[PDB]
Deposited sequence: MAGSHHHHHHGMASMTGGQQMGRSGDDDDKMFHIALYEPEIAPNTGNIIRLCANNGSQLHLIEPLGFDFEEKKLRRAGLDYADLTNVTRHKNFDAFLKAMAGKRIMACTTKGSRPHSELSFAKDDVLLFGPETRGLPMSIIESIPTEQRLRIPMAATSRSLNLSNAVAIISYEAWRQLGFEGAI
């Protein structure tokens, strides 16, 4: 696997469906951190790991570098130096990551996607796509045909 995409308590089933397919496209593992806000190709499901809670997730990822998507004390995603086996952690669609999780992540590991003057947020699946494909670009798209 190139990267670990981690979704904290995701809300909207279609976004998670899109992210599962995206993870097959960039060669990444998806991690769903329960509780999920909806019910849970078969080859596309061999790339998904469910974790009972955030603590179980941390144990399973112990030793990996965790990047969090947040606008609090973050740089533009393209300014971080990504590496194989990085974890890319995303908050749910309507709330973002809780402060207790954001505070446990150093500011050097916080990333945001730049925005123009517009009040609308990006769809979560598109945000994962932009961040994971920027990270993959930095690794010369290792494993692509």
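S.K.: Provide the list of deposited-sequence positions lacking C-alpha coordinates, grouped into contiguous ranges.
M.R.: Gaps vs deposited seq, in order: 1-29, 70-79.
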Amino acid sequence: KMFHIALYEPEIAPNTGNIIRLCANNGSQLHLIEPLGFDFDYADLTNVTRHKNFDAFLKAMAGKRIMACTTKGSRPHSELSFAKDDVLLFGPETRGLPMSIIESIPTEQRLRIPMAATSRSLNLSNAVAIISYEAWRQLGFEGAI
From here on, numbers count along this sequence of modelled residues.
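S.K.: Averaging only over Cα atoms, indicate whether 124-132 or 20-28 has the higher B-factor in the PDB entry.
M.R.: According to the entry, 20-28 carries the higher average C-alpha B-factor.
S.K.: Would you determine, from the values in the PDB entry, which of 41-49 and 78-86 has the greater average C-alpha temperature factor?
M.R.: It is 41-49 that shows the higher mean C-alpha B-factor.
S.K.: If you check the C-alpha B-factor for each of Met99, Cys69, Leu58, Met115 in the entry, which is highest?
M.R.: In this record, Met99 carries the highest C-alpha B-factor of the candidates.
S.K.: What third of the chain, by the recorded C-alpha B-factor, contains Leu36?
M.R.: Tercile = highest for this residue's CA B-factor.
S.K.: Is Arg95 in the lowest, middle or highest third of its chain when residues are ranked by C-alpha B-factor?
M.R.: As the PDB entry reports it, the C-alpha B-factor of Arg95 lands in the highest third of its chain.
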